[PDB]
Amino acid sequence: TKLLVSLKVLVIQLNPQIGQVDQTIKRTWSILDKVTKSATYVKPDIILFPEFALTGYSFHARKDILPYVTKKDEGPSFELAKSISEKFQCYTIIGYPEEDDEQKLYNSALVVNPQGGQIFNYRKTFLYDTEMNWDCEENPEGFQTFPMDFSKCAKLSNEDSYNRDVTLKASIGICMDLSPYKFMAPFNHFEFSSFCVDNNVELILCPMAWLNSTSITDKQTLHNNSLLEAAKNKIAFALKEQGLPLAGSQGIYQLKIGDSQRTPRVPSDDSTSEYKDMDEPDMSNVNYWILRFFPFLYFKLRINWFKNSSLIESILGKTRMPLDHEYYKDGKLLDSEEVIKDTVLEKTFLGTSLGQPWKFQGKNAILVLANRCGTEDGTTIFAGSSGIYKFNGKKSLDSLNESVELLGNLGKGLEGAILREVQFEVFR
């Protein structure tokens, strides 16, 4: 049974600085107000915020993030998402620093239903270097899926109106989650994107604090004072040329609400990575983000892989999580006498299953990326470029691949919001 779904997705792109929570929240309401006043405005069904959307990201010590940590059902970020969900009758997902009853710190993203109550709270599974500064904990449950009850969004292919309800299988990934584990794991693993293919995720939500390539990540540079001081000046000039403060743009909102302007398919070159053109998206990262969702992309060589059975040992050998992850402190292949369960036949490697060359073929999935913009510590330039994508499964490792639809993107250095009417199909 096919089921056409029309989802109205809104993405908020912010430039939060540490210590400006009230100011950021105030700017957020300013953005949302401007959105509703758009000529082509329509009420969103789901609103996504970036990673640590209100508090800032670059925390250097545990004591520095402590004044901004909250419980999953308490604090500014929760009340914000709650008020938004009650004012727009929508789902609201926002990234926030979390503290539980056991006084453990997480990099989390809470979800609030239209009734103004949280239904889920995802924690960051793969941690970035900055998380180590305040001793962030890995998600003990690893990658997770959760249902989202959408009303008046679904319809049969014969019907002329989306009057039916649909429970979409959603999944949240945060920044590093897309990257290989600790930047050490093989590139071909594609942990998060494979997880979504394995568990048949229909809606993918990604709050991000993703970086622009011009940022300083060299470890020997950061810990060499004369090298670091010389490195900071290179970034300061790039922001000064663009007529912006060192922290980046704030208060000036780029709005793409209701339009259907798609993002041009562009291959990655030496110019697409430069930090210029604030209203334009970082196509170097856009292409990279798409590449990290390889199992959703069409790849011609999958036929040769399936008939020669090259990935069978990889599929059967594939574990749920990396063996040294927090996931394997609680939970726990043959070729024996045990039968093959359905979950095994759902497992994939490089988008290939045991029964299909390309498992996702014929399916639809929606990718929503909320990435922050701006600059922190005078070393870290966030890529912004928030956007919405669609994997059609119809039969190039970048945006040139037409198995993914670029439904729109925001600027790489401007606060703002993008709304898109997303249409796709599921199966019930």
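One-based numbering along the sequence shown.
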item	value
Residues of the deposited sequence that sit between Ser396 and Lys395 yet are not modelled	10 or more
Entry-level comparison of average CA B-factors, 140 to 148 and 174 to 182, reporting the higher stretch	140 to 148
Of 158 to 166 and 124 to 132, the stretch whose C-alpha atoms average the higher B-factor in the entry	158 to 166
Residue of maximum C-alpha B factor among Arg292, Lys234, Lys276, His189, per deposited coordinates	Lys234
Peak C-alpha temperature factor (PDB record), options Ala370, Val35, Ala53, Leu367	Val35
Third of chain Cα B-factors occupied by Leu334	highest
B-factor third for the C-alpha atom of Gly243 within its chain	middle
Assigned third (lowest, middle, highest) for the C-alpha B factor of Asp45	middle
Third of the chain, ranked by Cα B-factor, where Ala383 sits	lowest
Chain third (lowest, middle, highest) by recorded CA B-factor, residue given as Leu301	highest
